[PDB]
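Enquirer: One structure, as structure tokens, below. Some questions next.
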2 protein chains.
Amino acid sequence: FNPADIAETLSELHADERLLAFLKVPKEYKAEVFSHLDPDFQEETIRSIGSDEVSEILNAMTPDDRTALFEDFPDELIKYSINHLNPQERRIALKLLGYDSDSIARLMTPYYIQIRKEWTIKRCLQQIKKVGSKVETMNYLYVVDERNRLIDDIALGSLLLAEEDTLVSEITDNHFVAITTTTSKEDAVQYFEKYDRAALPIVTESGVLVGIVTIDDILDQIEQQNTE
Amino acid sequence: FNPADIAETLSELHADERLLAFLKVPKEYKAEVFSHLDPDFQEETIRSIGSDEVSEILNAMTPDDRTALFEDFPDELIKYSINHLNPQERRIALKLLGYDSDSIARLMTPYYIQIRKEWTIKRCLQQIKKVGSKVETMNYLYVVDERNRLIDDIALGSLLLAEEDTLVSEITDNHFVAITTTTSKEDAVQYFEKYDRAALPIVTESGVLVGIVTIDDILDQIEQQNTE
Ligand SMILES: [Mg+2]
Ligand SMILES: [Mg+2]
Ligand SMILES: [Mg+2]
Ligand SMILES: [Mg+2]
Ligand SMILES: [Mg+2]
Ligand SMILES: [Mg+2]
Ligand SMILES: [Mg+2]
Ligand SMILES: [Mg+2]
Ligand SMILES: [Mg+2]
Ligand SMILES: [Mg+2]
């Protein structure tokens with residue numbers, strides 16, 4: 001079944017049997033199912049399960065789902081959870097939590113596809129095969145220079161419409177939409193509304209690409225604002 | 001400049017000079033710029049410009065932007081506008097307007113990519129090149145049988161991760177999310193929120209694929225509901 005559907009069925013159970021049924025979920029989509037559950041039950045689960053299981057779930061969550069989870073935790077549980085993260089996930093999680101709580105960066109993930117201006121389209125397709133299964137989305141490719149700075153945002157389909165011998169520099173327009181880490185979540189919503197893109201890149205004040213935010217999470221932000 | 005940015009600059013002008021500046025827009029993205037302008041000015045423009053210009057703009061708009069425009073028009077202007085549409089666009093526009101005004105189908109577009117279970121991945125890529133520039137999005141591929149019925153929704157990146165000799169039938173799971181034309185716009189929003197997909201397909205009660213709805217238009221629906 002679809003992870004969102006599995007999560008809905010679990011959410012209908014009383015909490016006590018909900019934990020047993022969740023632990024029956026196969027491990028490949030256990031983290032994805034977990035990401036759809038209520039924050040109070042997510043906290044109960046993190047407090048209750050064994051350390052190895054905590055690490056499996058937390059290390060497999062997306063960085064932005066993990067940040068959203070940690071925002072609702074007491075500080076002590078945040079530290080416990082971070083102590084269960086592997087080195088790379090731990091560094092990512094602490095970087096994201098370092099941003100101001102109102103910043104758009106709190107919603108971002110660093111798992112995006114990076115391409116280079118000197119690459120052929122064929123080389124881009126090879127990179128896409130390399131990282132495609134681990135990234136948040138394959139549908140946007142971020143052209144970055146040697147200084148980590150964002151220079152273009154190329155749609156996946158545009159790459160497919162070009163010939164494989166073409167260089168990325170021949171299909172770039174050097175125009176793109178990006179949101180800075182200074183921008184609040186509320187203000188970032190209007191970028192998404194205006195530009196009608198399913199992901200937007202998040203850059204530092206000097207133009208360095210640090211993550212992407214996706215439209216599904218923006219919809220949650222809109223509903224949170226409108227209830228609050 | 002970006003069409004949304006051009007539209008914003010135009011929207012800042014007083015209406016009188018706004019029409020002249022808009023008619024200066026190059027024709028390739030004139031319709032896209034038009035789609036971002038206020039409905040009252042869109043109506044003034046349709047009433048004012050020549051028949052050839054009316055046809056160029058209206059025939060180049062997306063079917064769902066056109067339906068949204070027509071929903072705010074007096075009936076007489078709807079008829080005038082439809083009389084300016086080319087045969088294919090006219091049949092599409094009348095089909096969309098035939099649905100109940102509260103139906104999710106009012107938000108849909110028929111410009112999606114259709115693939116077949118018997119095709120190789122290579123053949124799918126050839127189809128994607130064929131239609132890619134005209135469709136609403138290249139990022140979702142709709143597997144349909146000989147009876148026009150929807151059987152799967154394949155992400156573009158998934159197609160890229162497979163080898164070109166593989167048949168579509170070897171990468172389908174026969175599980176998908178679809179919304180029926182019976183469903184209201186309000187109820188359709190929750191499908192988008194739950195399943196976190198940037199497009200969803202719209203099917204008839206017998207399972208025939210008739211269009212797709214995209215998340216950017218759903219965001220507009222959420223804001224319209226929340227103001228209303
Ligand atoms: Mg996310
Ligand atoms: Mg997610
Ligand atoms: Mg969330
Ligand atoms: Mg660009
Ligand atoms: Mg919009
Ligand atoms: Mg649309
Ligand atoms: Mg549009
Ligand atoms: Mg609209
Ligand atoms: Mg499927
Ligand atoms: Mg959601």
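Readers should treat all values here as calculations from the given coordinates under stated rules, not as data from a laboratory. Cβ coordinates were reconstructed from backbone atoms using ideal geometry, including for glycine residues, and neighbour counts include every protein chain displayed.
Enquirer: How shielded is B:214-223 by partner chains, expressed as the average number of their Cβ atoms within 10 Å of its Cβ atoms?
Expert: Neighbouring Cβ atoms belonging to other protein chains average 4 per residue here.
Enquirer: What does the convex hull of the Cα atoms of segment B:121-227 come to per residue, in Å³, rounded to a whole number?
Expert: 107
Enquirer: Now a separate question. Comparing A:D102, A:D64, A:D75, which has the greatest mean-square fluctuation in the GNM of chain A with Cα pairs linked when under 10 Å apart?
Expert: A:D75
Enquirer: Counting pairwise Cα distances across segment B:81-128, what percent come out greater than 17 angstrom?
Expert: Counting pairs separated by more than 17 Å, the tail of P(r) holds 54 percent.
Enquirer: Just want the ordering: B:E193, B:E186, from fewest to most Cβ atoms lying within 10 Å of their own Cβ.
Expert: Exposure proxy ranking, most exposed first: B:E186, B:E193.
Enquirer: Something else now. Take every Cα pair under 8 Å in chain B that's 6+ residues apart, average their separations, divide by the length, and report that relative contact order as a whole percent.
Expert: 15
Enquirer: Give the whole-number value, in cubic angstrom per residue, of the convex hull volume spanned by the C-alpha atoms of chain B.
Expert: It is 141 Å³ per residue.
Enquirer: Right, next: For segment B:52-148, what does the convex hull of the Cα positions come to per residue, in cubic angstrom?
Expert: 117
Enquirer: Next up: All other residues with a Cβ under 15 Å from the Cβ of B:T9 taken together, and with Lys, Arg as +1 and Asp, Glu as -1, what is their net charge?
Expert: Here the count lands on -2.
Enquirer: Related question: Using only alpha carbon pairs under 8 Å that are at least six residues apart, calculate the relative contact order of segment B:3-107 and give it in whole percent.
Expert: Values: 74 pairs, mean separation 24.4, N = 105.
Once divided by the residue count of segment B:3-107, the mean separation gives 23 percent.
Enquirer: Can you pull out the GluC sites (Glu not before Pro) in segment B:47-125 that DSSP calls coil and that have at most 11 other Cβ atoms within 10 Å?
Expert: Those that pass, being in a loop and sparsely packed, are B:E118.
Enquirer: Now a separate question. At 222 nm, what value in deg cm²/dmol follows for chain B if DSSP H runs of at least 4 each add -39500 (n - 2.57) and the sum is divided by all its residues, to the nearest 500?
Expert: Details: 12 runs with 115 residues, N = 228.
Calculated from helices alone, the mean residue ellipticity at 222 nm is -14500 deg cm²/dmol.
Enquirer: Quick check: the distance between the Cα centres of segment B:34-78 and segment B:193-228, to the nearest angstrom?
Expert: After rounding, the separation between the Cα centres reads 22 Å.
Enquirer: Let me ask something additional. Summing +1 for each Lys or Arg and -1 for each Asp or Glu, what net charge is found among the other residues whose Cβ lies under 11 Å from the Cβ of B:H175?
Expert: Surrounding charge for B:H175 is -4.
Enquirer: Test of understanding: in a Gaussian network model of chain B with alpha carbons linked when under 10 Å, which of B:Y195, B:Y99, B:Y111 would top the mean-square fluctuation ranking?
Expert: Maximum among the listed residues: B:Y195.
Enquirer: Would you grab the residues whose amide H sits under 5 Å from the one on A:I115? Only those 5+ places off in sequence or on another chain, please, with H modelled 1.01 Å from N.
Expert: A:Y142, A:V143, A:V144
Enquirer: May I ask you to evaluate 6.51 cos²θ - 1.76 cosθ + 1.60, the Karplus curve with θ = phi - 60°, for each residue of segment B:147-154 and list the ³J(HN,Hα) values in order in whole Hz, giving x for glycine and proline?
Expert: Along segment B:147-154, the couplings run 9, 6, 8, 6, 10, 7, 10, 10 Hz.
Enquirer: For labels at B:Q224 and A:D165 in the simple 7 Å Cα→Cβ model, what's the distance in nm?
Expert: Between B:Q224 and A:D165, the simple spin-label model gives 4.9 nm.
Enquirer: Separate question: What number in nm² do you get for the protein assembly as shown if you take the convex hull of its Cα atoms and divide its surface by four?
Expert: Over every viewing direction, the Cα hull of the protein assembly as shown projects on average to 23.6 nm².
Enquirer: For labels at A:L94 and A:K27 in the simple 7 Å Cα→Cβ model, what's the distance in nm?
Expert: In this crude spin-label approximation the distance works out to 2.7 nm.
Enquirer: Top mean-square fluctuation among A:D72, A:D145, A:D165, Gaussian network model of chain A, C-alpha springs under 10 Å?
Expert: A:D165
Enquirer: To continue, here is another question. Kirkwood Rh, Cα Rg: Rg to Rh for segment A:3-107? Don't skip to the end; give the middle numbers.
Expert: On the way: Rg = 13.4 Å, Rh = 14.0 Å.
Rounded to two decimals, Rg/Rh equals 0.95.
Enquirer: May I ask you to sort A:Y140, B:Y191 by Cβ crowding, counting other Cβ atoms within 10 Å and putting the fewest first?
Expert: Final ranking by Cβ density, sparse to dense: B:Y191, A:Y140.
Enquirer: Could you work out the local net charge near B:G207, counting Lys and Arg as +1, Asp and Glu as -1, over the other residues with Cβ closer than 14 Å to its Cβ?
Expert: -3
Enquirer: Residue by residue, what Karplus-based ³J(HN,Hα) values in Hz, rounded to whole numbers, does segment A:159-165 have, using 6.51, -1.76 and 1.60 with θ = phi - 60° and x for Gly and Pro?
Expert: 4, 5, 6, 8, 7, 5, 7
Enquirer: What longest region of chain A stays clear of trypsin sites (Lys or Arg not before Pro) that DSSP places outside H, G, I, E and B and that have at most 14 other Cβ atoms within 10 Å?
Expert: The reported range is A:28-133.
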